[PDB]
Amino acid sequence: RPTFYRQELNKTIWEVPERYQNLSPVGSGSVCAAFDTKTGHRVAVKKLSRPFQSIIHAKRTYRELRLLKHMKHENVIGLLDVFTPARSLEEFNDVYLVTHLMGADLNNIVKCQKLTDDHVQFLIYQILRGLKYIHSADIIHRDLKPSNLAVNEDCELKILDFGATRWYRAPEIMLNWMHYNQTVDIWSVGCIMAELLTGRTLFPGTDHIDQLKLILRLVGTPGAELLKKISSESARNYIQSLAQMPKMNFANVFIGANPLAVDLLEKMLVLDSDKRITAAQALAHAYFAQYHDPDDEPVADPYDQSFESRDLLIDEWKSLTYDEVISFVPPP
Ligand SMILES: CC(C)(C)c1cc(C(=O)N2CCNC(=O)CC2)c(NC(=O)Nc2cccc3ccccc23)s1
Ligand SMILES: CCCCCCCCO[C@@H]1O[C@H](CO)[C@@H](O)[C@H](O)[C@H]1O
């Protein structure tokens with residue numbers, strides 16, 4: 001066991017190994033940047049807020065730890081370390097996770113640099129590559145947005161989840177469909193891509209219903225083929241009295257853009273989730289001809305998420321979370 005030191009950072013107590021120094025808050029869990037003396041690199045340390053307060057908190061803590069231990073891909077957040085000051089299961093109450101610090105989020109980059117077409121190919125390529133991996137573990141992000149995309153000075157990107165969101169959300173989620181295929185994530189990529197291309201938020205909705213209104217103005221009101229799959233009688237009625245609205249031709253909307261980028265956006269921003277391109281299919285799209293390597297777009301090992309169906313006691317989730325802290329093995 002290492003030697004821990006304590007310190008208070010903005011009305012929070014932080015107890016971490018001496019390994020990590022120069023902690024400075026960046027987020028509120030809450031997150032500090034820090035300097036990892038063992039490598040010389042900068043890290044982000046997340047301290048879980050109240051990890052075992054309820055059964056539901058306890059399950060989310062275990063969820064995040066299990067997920068982060070599983071993710072081993074260049075374009076997805078990965079765990080460098082996980083630690084607790086606690087000397088035993090009965091003492092266990094705090095959880096800290098450590099990852100490589102990337103210097104900026106994509107939101108930051110989009111505001112005072114107009115990206116070139118080459119930049120858009122590389123940034124979206126990477127989000128797709130990391131998504132192919134996440135999806136191959138039967139995980140859905142569900143909140144992909146520029147603030148969840150950490151980017152370095154070489155514009156290398158990783159997907160994470162800090163935890164409006166609305167501007168990037170698939171319309172089925174905002175109408176609580178409850179099913180949700182993984183292409184809800186592809187909807188988000190289409191919104192991100194549009195905004196990388198134009199400099200402007202695609203669907204800057206003011207609230208929940210304005211969000212859907214703006215979405216339908218671009219993509220059109222549901223076509224017969226979509227309406228045929230709608231099981232809920234209310235939904236169909238809720239839909240049939242919004243404005244009878246045409247799909248816009250995206251070629252007309254994203255004026256200056258590479259026609260291959262317009263094509264790909266048409267294949268992402270389809271209302272019917274069944275007809276949206278998959279991350280794997282997208283990686284093969286000619287827009288990414290300069291980046292695609294089918295031998296280097298890997299998939300995840302199988303991910304057991306049977307815990308998701310289980311209704312356990314706090315201390316059960318807590319001993320499970322403790323087990324995973326102990327079995328952690330750092331990357332090379
Ligand atoms: C991208 C992917 C793989 C779908 C993630 C899911 C979650 C997650 O927690 N879950 C998302 C799904 N929903 C929930 O129930 C929570 C679990 C992540 N968690 C984090 O990205 N955590 C962190 C965020 C910001 C800073 C960090 C610094 C060091 C370590 C981790 C950090 S990333
Ligand atoms: C008024 C706005 C209408 C939004 C229509 C969203 C339809 C999304 O697409 C649907 O998603 C489901 C997965 O959630 C699938 O089961 C359906 O088969 C598919 O058609």
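For this chain, numbers begin at 1 and follow the sequence in order. Reckoned from all heavy atoms, side chains included, excluding hydrogens, waters and symmetry mates. For ligands, and for the atoms within them, numbers begin at 1 and follow the listed sequence.
Ring planes of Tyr96 and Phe83: parallel class, angle under 30° (limits at 30 and 60°).
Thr116 and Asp118 are not linked by any side-chain donor-acceptor pair at a separation below 3.5 angstrom, with hydrogens and angles left out of the test. In this model, a donor atom of one side chain and an acceptor atom of the other lie less than 3.5 Å apart for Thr3 and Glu18. Residues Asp304 and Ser306 bring a donor and an acceptor atom of their side chains to less than 3.5 Å of each other.
No more than 12 heavy atoms of other residues, nucleotides or ligands sit less than 6.0 Å from atom CG of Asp138. Within 6.0 Å of NZ on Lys228 lie no more than 12 heavy atoms contributed by other residues, nucleotides or ligands. Atom CD of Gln305 sits in a crowded spot, with more than 12 heavy atoms from other residues, nucleotides or ligands closer than 6.0 Å. Atom CD of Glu233 has 12 or fewer heavy atoms from other residues, nucleotides or ligands within 6.0 Å. Atom CG of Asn252 has more than 12 heavy atoms from other residues, nucleotides or ligands within 6.0 Å.
Protein heavy atom at the shortest distance from atom 2 (C) of ligand 2 is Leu175 CD1, 3.7 Å. Counting protein heavy atoms only, atom 13 (C) of ligand 2 is closest to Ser273 OG, 3.5 Å. In this structure, atom 16 (O) of ligand 2 lies nearest to the protein heavy atom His179 CD2, 4.2 Å. Of all protein heavy atoms, the one closest to atom 5 (C) of ligand 2 is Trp177 CH2, 3.7 Å.
Looking at ligand 2, you'll find an N or O of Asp274 within less than 3.5 Å of one of its N or O atoms.
No part of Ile215 comes within 4.0 Å of ligand 2, judged by heavy-atom distances. With a 4.0 Å cut-off on non-hydrogen atoms, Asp272 touches ligand 2 through its backbone as well as its side chain.
Closest approach of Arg1 and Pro85 over heavy atoms only: NH2-O, 2.9 Å.
For ligand 2, the atoms lying closer than 4.0 Å to a non-hydrogen atom of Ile239 are 1 (C). The atoms of ligand 2 that sit less than 4.0 Å from any heavy atom of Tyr180 are 13 (C), 14 (O). Of all atoms in ligand 2, listed by their number and element, those nearer than 4.0 Å to a heavy atom of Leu271 are 6 (C), 7 (C), 8 (C), 9 (O). Per-residue contacts place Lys229 under 4.0 angstrom from the following atoms of ligand 2 (heavy atoms of the residue considered): 18 (O), 20 (O).
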Are there any N/O pairs under 3.5 Å between ligand 1 and the protein, and if so, what are their distances?
unit_1	atom_1	unit_2	atom_2	d
ligand 1	9 (O)	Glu64	OE2	3.3
ligand 1	15 (O)	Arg63	NH1	3.0
ligand 1	19 (N)	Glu64	OE2	3.2
ligand 1	21 (O)	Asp161	N	3.0
ligand 1	21 (O)	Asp161	O	3.2
ligand 1	22 (N)	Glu64	OE2	2.9

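A centroid separation of 6.0 Å or more is found between the aromatic rings of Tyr168 and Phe203.
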